[PDB]
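Reviewing the structure listed below.
We place every Cβ from the backbone using ideal geometry, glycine too, and count neighbours over all the protein chains shown. What follows is calculated from the coordinates using simple rules that are stated; it is not laboratory data.
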2 protein chains.
Amino acid sequence: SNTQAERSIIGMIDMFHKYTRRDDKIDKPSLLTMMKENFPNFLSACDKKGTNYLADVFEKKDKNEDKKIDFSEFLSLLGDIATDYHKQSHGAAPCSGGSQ
Amino acid sequence: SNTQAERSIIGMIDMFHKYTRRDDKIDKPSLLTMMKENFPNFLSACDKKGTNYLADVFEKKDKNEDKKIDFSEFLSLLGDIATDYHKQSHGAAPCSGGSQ
Ligand SMILES: [Ho]
Ligand SMILES: [Ho]
């Protein structure tokens, strides 16, 4: 059996895998679809403030400029999303970016 | 209308918060309890293999040496755990080690 936290991690691995091609990496179209399918309420909050999160997410997160998102780069993206929810849990508005 | 992914992120923020002190940071005993309560399968696998993950997890993740774990240090720990689960999903023995 798995705890909720274990299940969550396991599910994140599945989510990554779902959007990969045979090279175990995610291309730009698939990353954007992953975001719309899995983080629609996050994206709606960005839209509410006039921000298109999807305009530059791929290029910001493709750290090595190889036109693919690997697992490490995917984890950085999940960390950015989690950070936003963490800030909300201390009273911030959603989609606050905030790279000061 | 939160998706499974959104709910999983919210739950990880709630899990972090369960273990924090008033400064919204986690001390060492609490981080070790968090690991035991939330990642027992990962820890069981390390223990089976002869790795005591808890011996230095705190010091490895507490890069600034304030003897607390903030949300970003906690995210780095979750990334380590997720990376292990990702390697496991490709056939690796669990608790395979990072670097990164
Ligand atoms: Ho990449
Ligand atoms: Ho820290």
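Which members of the range B:37-64 meet the condition of being of a type in the set (A, V, I, L, M), more than 12 Å from the chain's Cα centre (by Cα) and within 14 Å of chain A (Cβ to nearest Cβ)?
Within the range B:37-64, B:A45 is the sole residue that qualifies.
Given the structure, is B:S99 part of a helix (DSSP H, G or I), surrounded by fewer than 19 Cβ atoms within 10 Å (Cβ to Cβ) and of a type in the set (G, A, S)?
no
All but one of (1) under 25 Å from B:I81 (Cα atoms); (2) more than 13 Å from ligand 1 (Cβ to nearest atom); (3) touching a residue at least 24 places away in the same chain (Cβ under 8 Å); (4) of a type outside the set (D, E) hold for A:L31; which doesn't?
(2)
Looking only at the range A:65-87, filter to residues that are part of a loop (DSSP other than H, G, I, E, B) and on the phi < 0 side of the Ramachandran plot; which one of those is farthest from the chain's Cα centre (by Cα)?
A:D66
I'd like to verify a number: residues in the range B:19-34 that are surrounded by 13 or more Cβ atoms within 10 Å (Cβ to Cβ) and out of contact with any helix residue (DSSP H, G or I) (no Cβ under 6 Å at 6 or more places or on another chain), how many?
8
When you scan the range B:88-96, do you find a residue that is part of a helix (DSSP H, G or I) and away from ligand 1 (no atom under 16 Å from the Cβ), even just one?
Yes, some residue in the range B:88-96 is part of a helix (DSSP H, G or I) and away from ligand 1 (no atom under 16 Å from the Cβ).
Taking the options B:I69, B:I10, name whichever one is away from every other protein chain (no Cβ under 11 Å) and either surrounded by 14 or more Cβ atoms within 10 Å (Cβ to Cβ) or aliphatic (A, V, I, L, M) (or both).
Selected residue: B:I69, the only one of B:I69, B:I10 that is away from every other protein chain (no Cβ under 11 Å) and either surrounded by 14 or more Cβ atoms within 10 Å (Cβ to Cβ) or aliphatic (A, V, I, L, M) (or both).
Taking B:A55, is it more than 11 Å from ligand 2 (Cβ to nearest atom), over 27 Å from A:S89 (Cβ atoms) and surrounded by fewer than 18 Cβ atoms within 10 Å (Cβ to Cβ)?
Here the answer is yes, as B:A55 does meet what is asked.
For the range A:4-59, please list each of the helices (runs of 4 or more DSSP H) lying entirely inside it that holds at least 3 residues being within 15 Å of A:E73 (Cα to Cα) and out of contact with any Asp or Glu (no Cβ under 6 Å at 6 or more places or on another chain).
Answer list for the range A:4-59: A:4-18, A:28-38.
Of the numbered conditions (1) touching a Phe, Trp or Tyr at 6+ places or on another chain (Cβ under 7 Å); (2) within 19 Å of A:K68 (Cβ to Cβ); (3) more than 14 Å from ligand 1 (Cβ to nearest atom), A:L43 satisfies every one except a single condition; which is it?
So the condition that A:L43 fails would be (2).
Checking A:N38 against (1) polar (S, T, N, Q); (2) within 16 Å of ligand 1 (Cβ to nearest atom); (3) under 17 Å from A:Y19 (Cβ atoms): exactly one of these is not met. Which one?
Against the list (1) polar (S, T, N, Q); (2) within 16 Å of ligand 1 (Cβ to nearest atom); (3) under 17 Å from A:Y19 (Cβ atoms), A:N38 comes up short only on (2).
Would you mind finding the one in B:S96, B:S44, B:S30, B:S76 that is under 30 Å from A:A45 (Cα atoms) and of a type in the set (G, A, S)?
Just a single option satisfies the conditions, and that option is B:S76.
Of the residues in the range A:77-100, how many are within 8 Å of chain B (Cβ to nearest Cβ) and without any contact (Cβ under 8 Å) to a residue 60 or more places away in the chain?
8
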